[PDB]
Amino acid sequence: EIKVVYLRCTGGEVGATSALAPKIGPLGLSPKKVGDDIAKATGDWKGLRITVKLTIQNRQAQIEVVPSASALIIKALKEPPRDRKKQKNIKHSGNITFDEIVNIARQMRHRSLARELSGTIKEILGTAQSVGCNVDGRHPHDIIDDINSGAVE
Amino acid sequence: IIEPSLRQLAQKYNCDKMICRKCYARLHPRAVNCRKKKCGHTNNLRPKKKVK
Amino acid sequence: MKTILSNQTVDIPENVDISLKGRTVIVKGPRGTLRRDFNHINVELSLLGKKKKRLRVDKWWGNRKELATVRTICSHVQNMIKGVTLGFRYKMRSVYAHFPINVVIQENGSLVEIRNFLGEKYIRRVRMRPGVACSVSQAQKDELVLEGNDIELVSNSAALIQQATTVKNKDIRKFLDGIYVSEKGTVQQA
Amino acid sequence: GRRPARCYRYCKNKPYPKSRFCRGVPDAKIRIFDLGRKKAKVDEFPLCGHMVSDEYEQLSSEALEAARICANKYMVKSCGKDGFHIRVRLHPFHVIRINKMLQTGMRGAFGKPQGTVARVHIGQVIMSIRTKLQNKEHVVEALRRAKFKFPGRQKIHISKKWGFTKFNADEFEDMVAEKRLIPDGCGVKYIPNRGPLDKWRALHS
Amino acid sequence: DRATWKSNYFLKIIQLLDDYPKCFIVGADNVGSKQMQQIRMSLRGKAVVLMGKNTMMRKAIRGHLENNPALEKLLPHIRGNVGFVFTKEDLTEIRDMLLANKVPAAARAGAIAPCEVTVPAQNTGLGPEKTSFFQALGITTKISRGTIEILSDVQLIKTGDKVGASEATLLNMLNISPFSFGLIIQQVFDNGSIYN
RNA sequence: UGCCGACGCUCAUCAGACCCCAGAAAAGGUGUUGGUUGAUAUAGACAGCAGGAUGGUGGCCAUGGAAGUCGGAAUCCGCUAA
Ligand SMILES: [Mg+2]
Ligand SMILES: [Mg+2]
Ligand SMILES: [Zn+2]
């Protein structure tokens, strides 16, 4: 009896207050028993919230990972994570090139909810500076490069 | 204790009203001006407070 | 400024026979006869059209207040046509929390007695307007039905019986009890 | 604490300033006269709105401060703290007098100083707000809110000048580009054709 | 701005009416762009979809009545909520796959059910709840072991039956959506040909 | 003026009615009348009856936490009929 659940996760680090209990409620799995695996199977993120989906069978779980749109940008931009205090000035002050955005373009090409290659670079390069980051500059530098000098295959 | 489709009838006729801030007149919900002469037909209106 | 002419128009169906004595409109059809007098409006009413299919209301040299009364007459005559052809039915529910509103009908629908409203020992006797018949209906739990030809008399009797069951010196937002008008319509459908 | 403003409303006496004869005057209630982004250049706040008196009366310094505080606090909420410049163009110089009744009556009844009011004529600008052209209705609403702190009647007028200057806004950019006007911080300097030519060479070089 | 987009709609009509002269008109009835984008992903290499003002649509094509006399009958056949989808390739495969790509939409209060809808025997997944909203219409259901477990199939709404909000919360809680509202085809255009 | 006076304005359940002068203000009114200015309207407008308001995003900010809504710098993209 397959029954998937949509659950948002925190990362490889263990949180304090649990909110994953009622969705795993009706089939009856232990919360920390599945919470150790939901962090250890994920592993790589460790610092930021990510939707790690939970596809549970009739007996045991499957830990599948569905990355978000800009969470992969935060993952690619390698800020060293501090402790769980969420201290001041943990802003994203780093440099991103034009090759760390085409992987999201090919991913969302493979998942097929987008325009063509200009469109699927146009969402993520537009939303790269939405957080407060810069791809060596602000959003005015992605309207010049797409016109007659793009990276369209 | 009560039925909801019968409840909204009584809330329509009793509490879904506008109150004039100047003379406390009970007005229809789509009111922009009070109908009373003694407040000068003012536009200073508020909704009637919902009971908790 | 005074507009030279303002006219509006009522299209009368073939089931209705209409006649006029100056500004006194008489309407006769399947359910009865209605008479309304309009000597306080000071307009010109014309029953043109052969077999009298169409009625025309004129205001000559009128200001903004006087031009508002034209479609008022055109709505009143349409209400009389609607009430002589299809009639008027005011279906109304009684809402209570604890004490059931006991409604009984006397003198063939011309008087309505209300008992046990908010647990009171007082009996509310509501006279009805002449031409309006009130009855406890079926297929619904606590609902009264008012019948008539005149929308004025039917809705005024509905207002009388609604204001009869009112809550004194309490929060009426909490004590949502009474007899309230639910639906306004006709006797038979169209 | 003090008398109502209906007593000292009309310009009845001769002007009675703070001087070497009238000493002992208490301090005026308004001391800050212009505020906001007053350290702003000319070409970025082109729209100017005036509150203009329609009466010949006296406006108290307490009313001036109460009006400019309200105008500031609306314009900060509306357009941000650094998107305007409010300048009160009325300074309280007339000194009104108080004759205390502690019983000598009217014997030697010349008043000690009580407060300061500003003598205002018909057509005289009370406050001026300069900002960008997009904040026109906010200036109108801010001056309309500040009208309620004043006695009498005031009007609201959007000026045809460029900001806090005396030159028309339709010709201001052309007159700047022809180098007949030079930006000088808040306002501009007009350059005539009457000086020595060594300043013209420094201008055009 | 509307003044420039109003001129941009005419070029979009003008340079595409000469492209695809095979126009199967669909009806956008209470549909969202979240459902439109799901259509637009499969419909890229074959057909293009468009929405706009129907009067401005009546204005754009009546400037083509002189130099394209094959577009005469489109003005009596654009009434109501009408959008375009433009196709060149085939007339049968766009019948096949447009009726294939469907996502479920939630129930409403005043939306007809065009066929017979059954409620199969399936557990609700929730324990003790409002049991007075199950026998009101006539559904037989015994509260067995706390959790509400329904028994049999009850025809809640047949064809020619007006619906209300009395059967909406029980569908919303159990995620039972009866009908998927889709782009139904109203008119057929193949170079002048009209079909039902 | 018992002129077949002229043109308008005004309804007051506190109308108004003639220098000094014998009683009123700020602020208001979708009462009504006249103006000034700015929009959009057959490439079909204001009403009036539905869908949809989300992807980034649960934005970063400051917090015990504020997730399009309790503060403040900001205020950019896609798909687009939106
Ligand atoms: Mg009490
Ligand atoms: Mg004097
Ligand atoms: Zn009032």
Side-chain angles (χ1 to χ4, degrees), chain A residues 8 10 17 48-51 68-74 86-92 104 108 113-116 118-134 138-140 142-143 146, chain B residues 22 30-44, chain C residues 1-2 63-66, chain D residues 5-6 9 76-77 80-82 136-137 147-154 158, chain E residues 2-3 5-10 12-13 28-41 49-60 62-63 81-84 105-106 108-111 181:
Chain A
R8 187 162 30 210
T10 306
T17 309
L48 187 90
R49 57 172 177 84
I50 183 53
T51 302
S68 309
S70 181
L72 197 152
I73 284 303
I74 305 304
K86 201 199 151 291
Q87 313 98 338
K88 191 52 192 168
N89 276 86
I90 50 187
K91 295 192 287 182
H92 314 298
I104 308 106
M108 189 66 204
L113 258 182
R115 174 65 75 189
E116 55 192 303
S118 170
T120 188
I121 191 167
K122 191 78 171 177
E123 291 104 11
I124 193 66
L125 207 44
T127 54
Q129 293 91 21
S130 89
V131 187
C133 315
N134 52 330
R138 186 73 182 161
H139 186 270
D142 60 44
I143 194 66
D146 286 331
Chain B
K22 209 173 171 176
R30 285 165 58 172
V32 298
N33 296 114
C34 179
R35 65 178 64 88
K36 303 298 183 173
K37 185 177 180 180
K38 68 184 184 183
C39 59
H41 293 222
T42 181
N43 42 42
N44 194 24
Chain C
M1 80 147 276
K2 280 165 172 156
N63 51 49
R64 180 196 177 79
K65 291 274 190 176
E66 293 179 353
Chain D
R6 66 185 183 273
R9 174 165 185 190
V76 159
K77 186 179 68 64
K81 85 169 208 178
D82 272 2
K136 179 174 177 288
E137 69 275 16
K147 280 196 322 191
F148 286 90
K149 311 284 167 172
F150 283 132
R153 184 178 182 270
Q154 289 84 42
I158 302 302
Chain E
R2 173 184 269 193
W5 171 89
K6 179 262 290 181
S7 199
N8 287 306
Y9 188 78
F10 281 169
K12 186 64 69 177
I13 297 298
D29 294 329
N30 55 272
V31 71
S33 72
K34 275 84 200 177
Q35 281 207 13
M36 182 179 72
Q37 280 154 356
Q38 299 299 137
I39 301 168
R40 288 179 181 269
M41 295 299 103
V49 69
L50 198 55
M51 199 167 182
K53 181 68 174 67
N54 293 141
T55 288
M56 185 180 288
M57 185 180 288
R58 292 180 179 91
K59 181 69 176 177
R62 72 181 180 180
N81 202 353
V82 160
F84 286 166
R108 285 295 100 206
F181 303 106

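We name chains A, B, ... by the order of the sequence lines, and we start the count at 1 in each one.
As a whole-Å value, the separation of E:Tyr9 OH from F:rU80 P is 14 Å. Atom CZ in E:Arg40 sits roughly 13 Å away from atom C1' in F:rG78 (whole-Å rounding). One can place CG of A:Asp142 at 9 Å from P of F:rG78, the figure rounded to the nearest angstrom. Distance A:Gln87 CD to F:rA62 P: 15 Å, rounded to the nearest Å. Regarding A:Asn134, its CG atom lies at a distance of 16 Å from the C1' atom of F:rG59, rounded to whole Å. Computed from coordinates, the E:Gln37 CD to F:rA82 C1' distance equals 11 Å when rounded to whole Å. The separation between E:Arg2 atom CZ and F:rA39 atom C1' is 12 Å, rounded to whole Å. Rounded to whole Å, atom P of F:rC79 lies 17 Å from atom CD1 of E:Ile39.
Without hydrogens or angle criteria, C:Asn63 side chain to C:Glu66 main chain gives a donor-acceptor distance under 3.5 Å. When atom types are taken as modelled, the side chain of E:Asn54 and the backbone of E:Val82 share a donor-acceptor pair closer than 3.5 angstrom. Checked by atom type and distance alone, the side chain of E:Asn81 pairs as donor or acceptor with a backbone atom of E:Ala28 at under 3.5 Å.
Straight-line distance between the P atoms of F:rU63 and F:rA50: roughly 46 Å, to the nearest whole Å. Taking atom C1' on both F:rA67 and F:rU54, the two are 14 Å apart, rounded to the nearest angstrom. Taking atom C1' on both F:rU75 and F:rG68, the two are 13 Å apart, rounded to the nearest angstrom. For the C1' atoms, the distance from F:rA66 to F:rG59 is 13 Å, rounded to whole Å. Taking atom P in both F:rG34 and F:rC11, the straight-line distance is 13 Å, to the nearest Å. Between F:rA74 and F:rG65, the two P atoms lie 25 Å apart (nearest whole Å). Only the P atoms considered, F:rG35 is 25 Å distant from F:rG28, to the nearest whole Å. Separating the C1' atom of F:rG8 from that of F:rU32 is a span of 14 Å, rounded to the nearest Å.
When distances run from any side-chain atom of A:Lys91 to the nucleotides F:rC60, F:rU30, F:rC76, the shortest one goes to F:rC60. The A:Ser130 side chain lies nearest to F:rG56 when the options are F:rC79, F:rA12, F:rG56.
Contacts of E:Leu50 with the nucleic acid, taken as non-hydrogen atoms under 4.0 Å apart, involve only primed sugar atoms and P, OP1 or OP2.
Evaluation of the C1'-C2'-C3'-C4' torsion of F:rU37 gives a positive value and hence a north sugar. Using the sign of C1'-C2'-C3'-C4' as the criterion, F:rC9 is classed as north-puckered. Nucleotide F:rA73 carries a north sugar; the sign of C1'-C2'-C3'-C4' is positive. Sugar pucker annotation for F:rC21: south, assigned from a negative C1'-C2'-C3'-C4' dihedral. Nucleotide F:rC7 carries a north sugar pucker, as its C1'-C2'-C3'-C4' torsion angle is positive.
At the phosphate of F:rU80, neither OP1 nor OP2 sits under 4.0 Å from any side-chain N or O atom of E:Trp5. The side chain of A:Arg115 contributes an N or O atom lying less than 4.0 Å from OP1 or OP2 of F:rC79.
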Below 3.5 Å, can you tabulate the donor-acceptor pairs from side chains in residues 121-133 of chain A to any protein atom, sequence neighbours excluded?
| from | atom 1 | to | atom 2 | distance (Å) |
| --- | --- | --- | --- | --- |
| A:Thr127 | OG1 | A:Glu123 | O | 2.8 |
| A:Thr127 | OG1 | A:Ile124 | O | 3.4 |
| A:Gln129 | NE2 | A:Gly137 | O | 3.4 |
| A:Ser130 | OG | A:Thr127 | O | 3.0 |

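Annotation: side chain of B:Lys22 is not in contact with side chain of B:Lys36 (no heavy-atom distance under 4.5 Å). Side-chain contact check for E:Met41 versus A:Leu113: some heavy-atom pair is nearer than 4.5 Å.
The line from CE of E:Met56 to CZ of E:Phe10 is 5.5 Å long, rounded to the nearest 0.5 Å. Rounded to the nearest 0.5 angstrom, A:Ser70 OG and A:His92 NE2 are separated by 7.5 Å. Here CD of E:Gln37 is found 10.5 Å from CZ of A:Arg115. Values are rounded to the nearest 0.5 Å. If you take CD1 on A:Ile50 and CG on A:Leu72, they are separated by 8.0 Å, rounding to the nearest 0.5 Å. Atom CD of residue E:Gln35 and atom CZ of residue E:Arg40 lie 13.5 Å apart, to the nearest 0.5 angstrom.
Stacking status of F:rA47 with F:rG48: stacked, per the base-ring test of centres under 5.5 Å and planes under 30°. Under the 5.5 Å and 30° stacking definition, the step from F:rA41 to F:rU42 does not qualify as stacked. Stacking between F:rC20 and F:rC21 holds: their six-membered rings sit with centres below 5.5 angstrom apart and planes below 30 degrees.
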Distances under 3.5 Å only, N/O to N/O: pair up the protein atoms with those of nucleotides 32-36 of chain F.
| from | atom 1 | to | atom 2 | distance (Å) |
| --- | --- | --- | --- | --- |
| F:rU32 | OP1 | C:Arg64 | NE | 3.4 |
| F:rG34 | OP1 | C:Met1 | N | 3.3 |

Between protein and nucleotides 65-67 of chain F, what N or O pairs are separated by less than 3.5 Å?
none

Extract from the structure each pairing of a protein N or O with an N or O of nucleotides 23-29 of chain F at less than 3.5 Å, listing the distance.
| from | atom 1 | to | atom 2 | distance (Å) |
| --- | --- | --- | --- | --- |
| F:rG29 | OP1 | B:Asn43 | ND2 | 2.6 |
| F:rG29 | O4' | B:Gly40 | O | 3.0 |

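Remark: E:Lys53 engages E:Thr55 in a side chain to side chain donor-acceptor pair (under 3.5 Å) (not counting sequence neighbours). Scored by the side-chain contact (heavy atoms from CB on, under 4.5 Å) test, E:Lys12 finds E:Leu16, E:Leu50 as partners (sequence neighbours excluded). Residues that satisfy the salt bridge (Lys or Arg N to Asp or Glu O under 4.0 Å) test with E:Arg62, not counting sequence neighbours, are absent from this structure. For B:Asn44, the side chain to side chain donor-acceptor pair (under 3.5 Å) test picks out B:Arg21, with sequence neighbours left out. Listed by chain and residue number, A:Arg82, A:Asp83, A:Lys85, A:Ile90 satisfy the side-chain contact (heavy atoms from CB on, under 4.5 Å) test with A:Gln87 (two or more places apart in sequence, or in another chain). Applying the side chain to side chain donor-acceptor pair (under 3.5 Å) test to B:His41 and every residue at least two apart in sequence or in another chain returns nothing.
When the nearest nucleotides of RNA chain F are assigned to E:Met51 and A:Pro140 by heavy-atom distance, the more 5′-ward of the two goes with A:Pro140.
Other residues, nucleotides and ligands contribute over 12 non-hydrogen atoms within 6.0 Å of the CZ atom of E:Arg58. The local environment of NZ in D:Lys149 is sparse, with at most 12 non-hydrogen atoms from other residues, nucleotides or ligands closer than 6.0 Å.
Helical stems in RNA chain F, defined as runs of 3 or more consecutive Watson-Crick or G-U wobble pairs with donor-acceptor distances under 3.5 Å: none found.
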task = Assign a letter to each nucleotide of nucleotides 43-55 of chain F from its 5' end: B, base within under 4.0 Å of a protein heavy atom; S, sugar-phosphate only; -, no contact.
result = BBS--S--S--BB

